[PDB]
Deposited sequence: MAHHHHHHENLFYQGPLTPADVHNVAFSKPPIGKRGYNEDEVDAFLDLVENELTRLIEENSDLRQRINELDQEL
């Protein structure tokens, strides 16, 4: 864990309140959707690096 947009950016984004006196977006909904986002960016980055590793192995055999 400690070694354009990153999963960490999604984890850390912080939003202000709506203007006076607006209401804004439900925070539970936005939170839950951003958790899906963070999970899927992370998984795609890991899977992309695995494909890249496989590519490396295949080039070494070429």
| query | finding |
| --- | --- |
| Missing stretches, numbered from 1 on the deposited chain sequence and kept in order | 1-6, 10-15 |
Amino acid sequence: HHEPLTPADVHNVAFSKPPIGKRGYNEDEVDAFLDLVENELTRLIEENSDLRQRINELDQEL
From here on, numbers count along this sequence of modelled residues.
property	result
Selected stretch [higher average CA B-factor]: 18-26 or 35-43	18-26
Greater mean Cα temperature factor according to the PDB record, 45-53 or 7-15	45-53
